[PDB]
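Student: Got a structure for you, questions after.
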Amino acid sequence: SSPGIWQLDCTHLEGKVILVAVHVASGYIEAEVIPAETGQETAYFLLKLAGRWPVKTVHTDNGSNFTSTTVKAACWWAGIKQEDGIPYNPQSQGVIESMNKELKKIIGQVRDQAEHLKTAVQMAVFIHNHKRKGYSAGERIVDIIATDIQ
Amino acid sequence: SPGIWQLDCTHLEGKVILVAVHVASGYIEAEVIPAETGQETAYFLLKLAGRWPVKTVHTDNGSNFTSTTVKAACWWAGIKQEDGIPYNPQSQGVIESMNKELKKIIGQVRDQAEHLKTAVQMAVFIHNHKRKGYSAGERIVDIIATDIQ
Ligand SMILES: O=C(O)CC[C@H]1COc2c(ccc(/C=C3/C(=N/O)Cc4ccccc43)c2C(=O)O)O1
Ligand SMILES: O=C(O)CC[C@H]1COc2c(ccc(/C=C3/C(=N/O)Cc4ccccc43)c2C(=O)O)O1
Ligand SMILES: [Cl-]
């Protein structure tokens with residue numbers, strides 16, 4: 001059920017890890033900088049996400065997070081169906097790849113305005129979600145979910 | 001009114017919980033911080049505005065209203081920074097009641113989480129999903145979707 005489907009994505013910059021959740025149907029994202037991708041960090045990130053949006057299903061970004069007892073506990077707690085992230089549809093890889101490149105580009109364009117990477121990442125989230133493509137990802141996610149509620 | 005948020009700072013376990021409330025829906029986001037500085041508040045607002053269409057923020061106190069860092073974040077994110085003076089006196093009691101409710105939920109989950117920040121995010125989840133019959137999460141999406149359309 002596509003209003004509730006999210007995909008996890010982990011990318012790297014400046015020796016740090018950027019964890020991204022993408023609302024598949026809209027392209028809307030949330031993201032955080034973490035020192036390393038652990039089960040505990042991923043679990044906490046998912047808890048935050050699911051408190052903020054109606055997360056029904058998460059396609060996990062790798063097998064370690066899929067396997068993680070802590071991630072499984074968070075998904076249980078928050079009522080999330082934890083699934084694999086195998087791109088049975090091969091265009092999924094390229095879409096995530098393209099978004100990571102886009103995000104890193106935006107981070108570069110703002111990096112000087114922020115002392116810390118985490119600030120630049122949140123600026124990138126803002127720019128990404130507001131970008132008009134003509135609706136924005138932020139507009140699309142609200143519309144999709146509102147239509148589902150109705 | 002679809003774009004109006006209110007900041008709220010409350011305390012528990014010698015730590016600070018910073019809350020943003022979407023006034024029309026009662027929907028919240030929250031974080032635990034060591035202390036409420038301009039820098040922490042600024043970063044919190046940047047996060048919020050990247051996630052929801054934040055037009056106006058009623059700041060929680062005069063220090064954050066005055067803060068150059070908070071003003072910079074509001075400028076960056078296109079947020080109108082306003083005071084949080086309750087010209088409508090029922091605003092105080094509503095925020096008061098929510099802080100009490102949140103602390104209650106935190107108590108009900110505190111044992112399930114080692115760290116306060118986890119308990120706070122559990123509380124955010126429970127608050128936003130609670131049916132009152134629609135939930136705050138349902139109301140915010142409906143309000144904003146109607147505004148877009
Ligand atoms: O560094 C960061 O940002 C996050 C680091 C840690 C913060 O603390 C935690 C964390 C990750 C997990 C936990 C534990 C959970 C449970 N244990 O049963 C049940 C549960 C249900 C849902 C979510 C988390 C937990 C904790 C915690 O124990 O509080 O992420
Ligand atoms: O501890 C935590 O979680 C948050 C602490 C810090 C994280 O870093 C920061 C922070 C708060 C502020 C900044 C600086 C900003 C600017 N300077 O011009 C312009 C700007 C525009 C918008 C938002 C932040 C900033 C930084 C930073 O410089 O990166 O919050
Ligand atoms: Cl304080």
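Following the order of the structure tokens, first chain is A, next is B, and so on, with residues numbered from 1 inside each chain and ligands from 1 in the order they appear.
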Kindly provide, as a list in words, the residues of chain B having any atom no farther than 7 Å from an atom of chain A, counting only C-alpha atoms.
Tutor: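 Every residue of chain B that passes the 7 Å test is in residues 43, 46, 47, 49, 50, 51, 118, 121, 124, 125, 128, 141, 142 and 145 of chain B.
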Student: What residues of the protein or nucleic acid chains come within 8 Å of ligand 1 when you use only C-alpha atoms and all ligand atoms? Reply as a ChimeraX atom specification.
Tutor: /A:34,39-47,70-71,73-78 /B:112-119,122
Student: Sort by chain and increasing residue number a table of all residues of chain B within 8 Å of ligand 3, each with its closest pair of atoms and their distance in Å to one decimal, counting only C-alpha atoms and all ligand atoms, and write it as a tab-separated table.
Tutor:
residue	atom	partner	partner_atom_place_in_ligand_line	distance
B:11	CA	ligand 3	1 (Cl)	7.9
B:15	CA	ligand 3	1 (Cl)	7.9
B:16	CA	ligand 3	1 (Cl)	6.1
B:34	CA	ligand 3	1 (Cl)	7.6
B:35	CA	ligand 3	1 (Cl)	4.2
B:36	CA	ligand 3	1 (Cl)	4.3
B:37	CA	ligand 3	1 (Cl)	7.2
Student: Can I get the residues close to ligand 2 as a list in words, where close means within 6 Å and we count only C-alpha atoms and all ligand atoms?
Tutor: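 Sorted by chain and then by number, the residues are residues 113, 114, 115, 116 and 119 of chain A; 39, 40, 42, 43, 46, 72, 73 and 76 of chain B.
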Student: What is the CA of residue 10 (chain A) to CA of residue 100 (chain A) distance in Å?
Tutor: 8.8 Å
Student: Do a neighbour search on region 94-97 of chain B at 12 Å with only C-alpha atoms, toss out local chain neighbours closer than 3 positions, and write the hits as a ChimeraX atom specification.
Tutor: /B:6-10,19-23,26,28,60,84,86,88-91,100-104
Student: Could you dump the residues just selected with N, CA and C atoms as an mmCIF file, in the first residue's frame?
Tutor:
data_model
loop_
_atom_site.group_PDB
_atom_site.id
_atom_site.type_symbol
_atom_site.label_atom_id
_atom_site.label_comp_id
_atom_site.auth_asym_id
_atom_site.auth_seq_id
_atom_site.Cartn_x
_atom_site.Cartn_y
_atom_site.Cartn_z
ATOM 1 N N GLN B 6 4.248 26.438 17.086
ATOM 2 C CA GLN B 6 4.616 27.017 18.379
ATOM 3 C C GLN B 6 5.714 26.187 19.026
ATOM 4 N N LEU B 7 6.776 26.855 19.470
ATOM 5 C CA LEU B 7 7.854 26.197 20.194
ATOM 6 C C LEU B 7 7.496 26.084 21.666
ATOM 7 N N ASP B 8 7.984 25.023 22.288
ATOM 8 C CA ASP B 8 7.682 24.714 23.682
ATOM 9 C C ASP B 8 8.902 24.000 24.246
ATOM 10 N N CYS B 9 9.392 24.474 25.386
ATOM 11 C CA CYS B 9 10.540 23.862 26.032
ATOM 12 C C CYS B 9 10.110 23.372 27.403
ATOM 13 N N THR B 10 10.326 22.087 27.664
ATOM 14 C CA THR B 10 10.009 21.492 28.964
ATOM 15 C C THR B 10 11.206 20.678 29.465
ATOM 16 N N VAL B 19 10.005 21.025 21.944
ATOM 17 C CA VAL B 19 8.834 20.566 21.208
ATOM 18 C C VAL B 19 8.374 21.651 20.234
ATOM 19 N N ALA B 20 7.994 21.243 19.024
ATOM 20 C CA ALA B 20 7.289 22.117 18.095
ATOM 21 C C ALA B 20 5.883 21.571 17.919
ATOM 22 N N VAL B 21 4.885 22.424 18.132
ATOM 23 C CA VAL B 21 3.488 22.026 17.991
ATOM 24 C C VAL B 21 2.859 22.728 16.797
ATOM 25 N N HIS B 22 2.254 21.946 15.905
ATOM 26 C CA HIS B 22 1.442 22.499 14.834
ATOM 27 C C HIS B 22 0.105 22.878 15.453
ATOM 28 N N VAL B 23 -0.127 24.180 15.562
ATOM 29 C CA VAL B 23 -1.177 24.710 16.429
ATOM 30 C C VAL B 23 -2.565 24.183 16.049
ATOM 31 N N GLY B 26 -2.423 19.974 16.654
ATOM 32 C CA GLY B 26 -1.843 19.367 17.849
ATOM 33 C C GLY B 26 -0.708 18.393 17.544
ATOM 34 N N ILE B 28 2.993 17.109 16.820
ATOM 35 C CA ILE B 28 4.272 17.563 17.373
ATOM 36 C C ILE B 28 5.495 16.871 16.783
ATOM 37 N N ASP B 60 9.357 30.235 21.877
ATOM 38 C CA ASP B 60 8.973 29.847 23.235
ATOM 39 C C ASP B 60 9.405 30.820 24.328
ATOM 40 N N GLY B 84 5.742 34.524 21.284
ATOM 41 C CA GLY B 84 4.834 33.467 21.720
ATOM 42 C C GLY B 84 3.968 33.936 22.869
ATOM 43 N N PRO B 86 0.893 34.678 24.847
ATOM 44 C CA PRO B 86 -0.465 34.173 24.735
ATOM 45 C C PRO B 86 -1.494 35.296 24.888
ATOM 46 N N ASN B 88 -4.248 35.147 23.467
ATOM 47 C CA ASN B 88 -5.313 34.234 23.863
ATOM 48 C C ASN B 88 -4.813 33.415 25.058
ATOM 49 N N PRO B 89 -5.392 33.643 26.253
ATOM 50 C CA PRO B 89 -4.871 33.026 27.478
ATOM 51 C C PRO B 89 -4.990 31.500 27.561
ATOM 52 N N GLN B 90 -5.884 30.910 26.768
ATOM 53 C CA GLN B 90 -6.039 29.451 26.736
ATOM 54 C C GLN B 90 -4.819 28.733 26.142
ATOM 55 N N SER B 91 -3.959 29.474 25.445
ATOM 56 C CA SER B 91 -2.718 28.923 24.892
ATOM 57 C C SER B 91 -1.780 28.369 25.971
ATOM 58 N N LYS B 100 2.326 17.970 30.372
ATOM 59 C CA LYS B 100 1.931 16.977 31.370
ATOM 60 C C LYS B 100 1.639 15.632 30.705
ATOM 61 N N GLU B 101 0.861 15.668 29.625
ATOM 62 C CA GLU B 101 0.534 14.463 28.852
ATOM 63 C C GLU B 101 1.806 13.790 28.345
ATOM 64 N N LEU B 102 2.704 14.577 27.761
ATOM 65 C CA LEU B 102 3.947 14.025 27.221
ATOM 66 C C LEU B 102 4.780 13.365 28.305
ATOM 67 N N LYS B 103 4.912 14.031 29.450
ATOM 68 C CA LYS B 103 5.678 13.471 30.562
ATOM 69 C C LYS B 103 5.063 12.176 31.085
ATOM 70 N N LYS B 104 3.734 12.115 31.075
ATOM 71 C CA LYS B 104 2.994 10.915 31.468
ATOM 72 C C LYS B 104 3.323 9.754 30.535
#
Student: I'd like the interatomic distance between CA of residue 87 (chain B) and CA of residue 27 (chain B), to a tenth of an Å.
Tutor: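 So the two atoms, CA of residue 87 (chain B) and CA of residue 27 (chain B), lie 21.5 Å apart.
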Student: Mind pulling up the distance from CA of residue 22 (chain A) to CA of residue 109 (chain B)?
Tutor: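 These two atoms are separated by 28.0 Å.
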Student: Just list as a ChimeraX atom specification whatever in chain B DSSP marks as helix (DSSP H, G or I).
Tutor: /B:38-51,62-66,68-77,90-112,116-129,136-148
Student: Can you pull out the residues contacting residue 55 (chain A)? Cut-off 7 Å, using only C-alpha atoms, and skip same-chain residues under 6 positions away; I want them as a list in words.
Tutor: residues 4, 5, 6 and 80 of chain A
Student: Leaving out residue 120 (chain A) and any residue of its chain fewer than 5 positions from it, which residues lie within 7 Å of it when counting only C-alpha atoms, given as a list in words?
Tutor: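 Near neighbours after the sequence-gap exclusion: residues 107, 110, 111 and 114 of chain A.
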Student: Can you spit out the residues from that selection as an mmCIF file, in the first residue's frame, using C-alpha atoms?
Tutor:
data_model
loop_
_atom_site.group_PDB
_atom_site.id
_atom_site.type_symbol
_atom_site.label_atom_id
_atom_site.label_comp_id
_atom_site.auth_asym_id
_atom_site.auth_seq_id
_atom_site.Cartn_x
_atom_site.Cartn_y
_atom_site.Cartn_z
ATOM 1 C CA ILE A 107 25.439 19.646 0.344
ATOM 2 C CA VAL A 110 25.590 24.892 1.031
ATOM 3 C CA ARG A 111 28.643 23.418 2.766
ATOM 4 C CA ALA A 114 27.349 25.662 7.736
#
Student: Need the shell around residue 75 (chain B): protein/DNA/RNA residues with any atom at most 12 Å away, counting only C-alpha atoms. Skip same-chain ones fewer than 5 positions apart. Format as JSON, numbers by chain?
Tutor: {"B": [42, 45, 46, 49, 54, 55, 56, 57, 68, 69, 70, 80, 81]}
Student: Taking only chain A into account, list the residues labelled strand (DSSP E) by DSSP (computed from the backbone), as a compact mmCIF listing (two decimals) with C-alpha atoms, in the first residue's frame.
Tutor:
# COMPACT_ATOMS: atom_id res chain seq x y z
CA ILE A 5 6.01 2.69 1.73
CA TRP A 6 9.47 4.00 2.61
CA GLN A 7 12.98 3.00 1.52
CA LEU A 8 16.14 3.32 3.61
CA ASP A 9 19.32 4.57 1.95
CA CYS A 10 22.79 4.93 3.44
CA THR A 11 25.40 7.14 1.78
CA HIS A 12 28.83 8.44 2.83
CA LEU A 13 30.49 11.86 2.89
CA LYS A 16 30.62 10.20 8.01
CA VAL A 17 27.39 8.35 7.29
CA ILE A 18 24.17 9.95 6.03
CA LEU A 19 21.07 7.85 6.65
CA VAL A 20 18.12 8.72 4.39
CA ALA A 21 14.50 7.57 4.36
CA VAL A 22 12.69 8.10 1.06
CA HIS A 23 8.91 8.08 0.69
CA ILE A 29 13.00 12.48 2.35
CA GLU A 30 14.17 12.70 5.91
CA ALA A 31 17.87 12.33 6.72
CA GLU A 32 20.40 12.35 9.55
CA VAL A 33 24.16 12.27 9.98
CA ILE A 34 25.42 9.41 12.17
CA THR A 57 6.44 -0.66 5.24
CA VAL A 58 10.19 -0.03 5.21
CA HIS A 59 12.46 -1.53 2.57
CA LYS A 81 6.46 -4.11 8.27
CA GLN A 82 10.17 -4.64 7.75
CA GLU A 83 11.00 -5.81 4.23
Student: Which of these, B:18, B:79, B:99, B:127, has the shortest distance to residue 52 (chain B) once you count only C-alpha atoms?
Tutor: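 So, comparing all the options, the nearest one is B:79.
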